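>>> Pasting the sequence and an experimental structure:
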Amino acid sequence: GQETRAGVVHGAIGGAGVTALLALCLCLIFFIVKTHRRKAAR
């Protein structure tokens, strides 16, 4: 869609922020889940 595009196919450069955001969101969810889901250690 963009231009330099090439590999890493579009729907991603305008969306790498989306991906990066998704990674960040996945990190946050993983982090929140990790911080929430208390271990049976108490």
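Cool, got the structure. Numbers count the residues shown, from 1 in each chain.
>>> what's the spacing between residue 16 and residue 7?
Noted for residue 16: a distance of 12 Å to residue 7, by Cβ to Cβ, to the nearest Å. No exception for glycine: its C-beta is placed from N, CA and C like everyone else's.
>>> the more surrounded of the two?
Between residue 16 and residue 7, counting by other Cβ atoms under 10 Å, residue 16 is the more crowded of the two (15 against 5).
>>> what residue lies at the spatial centre of the chain?
The structure's the chain has its C-alpha centroid closest to residue 23; by Cα atoms, centre = their mean the separation is 1.4 Å.
>>> Could I get the contacting residues of it?
Under the criterion of Cβ atoms under 8 Å, 6 or more residues apart in numbering, residue 23 has no neighbours.
>>> let's see 10 Å
residue 16 (Cβ atoms under 10 Å, 6 or more residues apart in numbering).
>>> now swap in residue 13 and tell me
By Cβ under 10 Å, 6+ apart, the contact set of residue 13 is 1, 2, 3, 4, 5, 19.
>>> What separation do you get for it and residue 4?
8 Å.
>>> One more: residue 23?
Applying Cβ to Cβ, the value for residue 23 to residue 4 is 21 Å.
>>> Distance check, residue 7 against residue 32.
With the distance defined as Cβ to Cβ, residue 7 ends up 33 Å from residue 32.
>>> Oops, could you answer that again for residue 23 instead?
As judged by Cβ to Cβ, residue 23 and residue 32 stand 15 Å apart.
>>> cool, and residue 8?
Residue 8 is 29 Å from residue 32, where distance means Cβ to Cβ.
>>> Distance-wise, check residue 5 relative to residue 12.
9 Å.
>>> If you could redo that for residue 1, that was the one I meant.
Separation of residue 1 from residue 12 (Cβ to Cβ): 9 Å.
>>> Looking at these two, which one has more neighbours?
Between residue 1 and residue 12, residue 12 has the larger neighbour count (other Cβ under 10 Å), namely 15 against 10.
>>> From residue 19, how far off is that one?
Distance, residue 12 to residue 19, by Cβ to Cβ: 6 Å.
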